[PDB]
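**Q** Quick one: the structure is below, questions incoming.
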Amino acid sequence: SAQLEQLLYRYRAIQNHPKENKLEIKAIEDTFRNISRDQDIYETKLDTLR
Amino acid sequence: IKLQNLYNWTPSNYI
């Protein structure tokens, strides 16, 4: 639910200082985009479902 | 990347 997501939050919030030694930031941000997109899809579907 | 559509998150809404 959030136990593996708050870790990603803190991991991005710690890796804002180096910002170039870690190339894996982009895939993590793509998964943030996926989570935001799925959340918006679910909110529209909950608006239609009611 | 939004903000309130990113803290409100379950596995019950990924599908």
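If you're wondering about the labels, chains in the structure tokens are A, B, ... by order shown, residues count from 1 in each chain, ligands from 1 in order shown.
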Within 6 Å of segment 35-45 of chain A, counting only C-alpha atoms, which residues qualify if same-chain residues fewer than 3 places away don't, as an MDAnalysis selection string?

**A** (chainID A and resid 32 48:49) or (chainID B and resid 5:6 14)

**Q** Restricting the output to N, CA and C atoms, write the selected residues as an mmCIF file, in the first residue's frame.

**A**
data_model
loop_
_atom_site.group_PDB
_atom_site.id
_atom_site.type_symbol
_atom_site.label_atom_id
_atom_site.label_comp_id
_atom_site.auth_asym_id
_atom_site.auth_seq_id
_atom_site.Cartn_x
_atom_site.Cartn_y
_atom_site.Cartn_z
ATOM 1 N N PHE A 32 6.311 6.662 -11.120
ATOM 2 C CA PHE A 32 5.469 7.691 -10.505
ATOM 3 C C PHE A 32 4.409 8.193 -11.479
ATOM 4 N N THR A 48 -17.598 7.790 -12.485
ATOM 5 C CA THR A 48 -18.603 7.157 -13.334
ATOM 6 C C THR A 48 -19.340 6.027 -12.627
ATOM 7 N N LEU A 49 -18.671 5.311 -11.721
ATOM 8 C CA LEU A 49 -19.259 4.145 -11.071
ATOM 9 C C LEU A 49 -20.348 4.561 -10.090
ATOM 10 N N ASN B 5 -2.683 12.948 -6.324
ATOM 11 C CA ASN B 5 -2.915 11.689 -7.021
ATOM 12 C C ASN B 5 -1.719 10.754 -6.906
ATOM 13 N N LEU B 6 -0.871 10.982 -5.906
ATOM 14 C CA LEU B 6 0.311 10.159 -5.675
ATOM 15 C C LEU B 6 0.500 9.744 -4.221
ATOM 16 N N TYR B 14 -4.887 0.225 -8.311
ATOM 17 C CA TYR B 14 -3.961 0.043 -9.424
ATOM 18 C C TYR B 14 -4.658 -0.554 -10.637
#

**Q** Check the DSSP output for the backbone and give back, as JSON, numbers by chain, the residues of chain A in helix (DSSP H, G or I).

**A** {"A": [6, 7, 8, 9, 10, 11, 12, 13, 14, 25, 26, 27, 28, 29, 30, 31, 32, 33, 34, 35, 36, 37, 38, 39, 40, 41, 42, 43, 44, 45, 46, 47, 48, 49]}
